[PDB]
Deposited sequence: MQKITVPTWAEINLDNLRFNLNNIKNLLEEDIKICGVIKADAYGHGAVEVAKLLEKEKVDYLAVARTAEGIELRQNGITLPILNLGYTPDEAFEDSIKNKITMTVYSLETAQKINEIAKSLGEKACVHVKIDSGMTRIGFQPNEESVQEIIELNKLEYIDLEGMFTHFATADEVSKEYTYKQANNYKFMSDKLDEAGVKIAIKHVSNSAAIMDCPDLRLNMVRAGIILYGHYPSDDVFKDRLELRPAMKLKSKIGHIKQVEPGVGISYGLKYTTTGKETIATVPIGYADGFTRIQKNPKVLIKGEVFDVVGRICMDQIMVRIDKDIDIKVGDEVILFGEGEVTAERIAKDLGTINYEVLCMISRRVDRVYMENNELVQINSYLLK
C-alpha cells in the first residue's frame, strides 16, 4: 500500500499532542499562529494545515506567496500570513488569494494599496519592526500614514527574536514596546500584536501579546537545549523510514561504496538500504546511523545518491524488505544528525526530498499517502 521504498511517516496525533500542550501554556485569549513555512518544515504544509484547521488555530504562517497559494488551492480557509518577502509582481496574487503580507516600508504599502484599489479589495498587512521598520519616531509617523491608506487593512505588528532560544531578547522587546506605545498614543488600532516564536513561547511568559507563533515546537522539536523543556512536553511527528534492499555476507578485506572508503575487517554482514543523499540523507554526515529492530547500526562507506550500506554486527532476524528507521524513533533523531553535521534540527527536517512520499498516520492507521511525483 506504500509502494515507495523510502518514505516519511507523519504522525498527526503527535501534532495534536504538541499543540494541546502548547495551548495549556497559554491563556484562552491568546491566539495561535501555526508556522508551516517550508512545507511545514518538511511535514507537508497542506496536510498539516488541514489538521490545524480542525484544531481551530487562528492563523497560519508561510514564507512564500506560493506556499500560501498552495494552501488556497487545497481548500484551506484560515487566515494566512506571509512572514517573508513579497515581491512586487506578486502583490495581486496575494490579494486575490487572501494572503496577509508583511510590509517593511511605507513606500511598499503604497504600492500594495494601489493594487488593492484596482481590485476593489482591502489588502490585509502586518507591519514588521526590526528590533523592517526601525524602532524610532520616524517610523512611527510612517505607520500612522500607512494606516490612512484606503485599501490597506493594517491588522498586525510584529518583530522576531534573534536569541530567544539562548536579555538581548528583552532589548528587542523594548524596541517593539517603543513602537506599540507611540502608536497607541496615536490611536492606530493594531488588532494583532505578536512577537513570540517557539523559544519565547516557552521561556518568556510576559511576551504573549495578542498571538504567538508556534513553529518547531508544533512539529515536536525544541528550538535549543537551553529553553525550559521542563516547561513543555513534545513528541516528534516525523519518522524517516526505508526498507532493506539487499543483504549479503562480505568477505574480509573488501572495499565498499564509491572511493572504497570503508574496508571490511572480518566477514561482515552488509545490508543495502534504498535511501541516499538525494532523499535528504546527506552525504556530509561523518557518523551516519540507522535503526533496525531496536538496534542502531553504522552506515558504512560513502553515502550514495539513492543508496546506503549498513553493517549488521548484531544477531537479529532480518530479511529483504524489513523496515529501517533513519530518524524519529529511539536513538536516531534529527538532533543527532544535526549535531554530527554542525547544523540544527530545522535543517534536517527541511532536507527531506520531493521524492520522499509523506505518509500520514492517525489513530495508528495510515490515512493518507502523498506523492509529490505522481
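Please give the gaps, as residue ranges numbered from 1 in the deposited sequence, where no C-alpha is present.
Holes in the chain trace, numbered from 1: 1-2, 134-138, 174-176, 385.
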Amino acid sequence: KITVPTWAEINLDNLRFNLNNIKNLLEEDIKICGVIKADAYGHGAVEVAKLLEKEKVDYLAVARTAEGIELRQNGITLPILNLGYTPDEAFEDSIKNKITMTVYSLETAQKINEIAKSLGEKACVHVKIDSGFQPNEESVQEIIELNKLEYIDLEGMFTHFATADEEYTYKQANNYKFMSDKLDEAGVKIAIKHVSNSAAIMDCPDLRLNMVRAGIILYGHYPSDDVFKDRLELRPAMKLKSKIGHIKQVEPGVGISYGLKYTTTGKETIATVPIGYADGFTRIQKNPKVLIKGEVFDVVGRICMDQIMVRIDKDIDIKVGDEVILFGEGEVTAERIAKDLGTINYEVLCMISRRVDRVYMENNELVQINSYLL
From here on, numbers count along this sequence of modelled residues.
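Determine, for stretches 156-164 and 95-103, which one has the higher mean CA B-factor as deposited.
On average, C-alpha B-factors are higher across 156-164.
Higher-scoring stretch by recorded Cα B factor average, 40-48 or 314-322:
Higher mean C-alpha B-factor: 314-322.
What's the residue among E329, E27, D306, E347 with the greatest CA temperature factor in the PDB record?
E27 has the highest C-alpha B-factor of those listed.
Looking at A199, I284, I247, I143, which has the highest Cα B-factor in the entry?
Among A199, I284, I247, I143, the PDB entry lists the largest C-alpha B-factor for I143.
How does the C-alpha B factor of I292 compare with the rest of the chain: lowest, middle or highest third?
For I292, the deposited C-alpha B-factor lands in the middle third.
Quick one: classify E233 as lowest, middle or highest third of the chain based on its Cα B-factor.
For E233, whose C-alpha B-factor we compare with every modelled residue in the chain, the answer is the middle third.
Rank-wise, by C-alpha B-factor, drop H126 into the lowest, middle or highest third of its chain.
CA B-factor rank for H126: middle third.
Among all modelled residues of this chain, ranked by Cα B factor, put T108 in the bottom, middle or top third, i.e. lowest, middle or highest.
Highest third, going by the recorded CA B-factors of the chain.
How does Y258 rank on Cα B-factor within its chain, lowest, middle or highest third?
Within its chain, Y258 is a middle-third residue by C-alpha B-factor, going by the deposited values.
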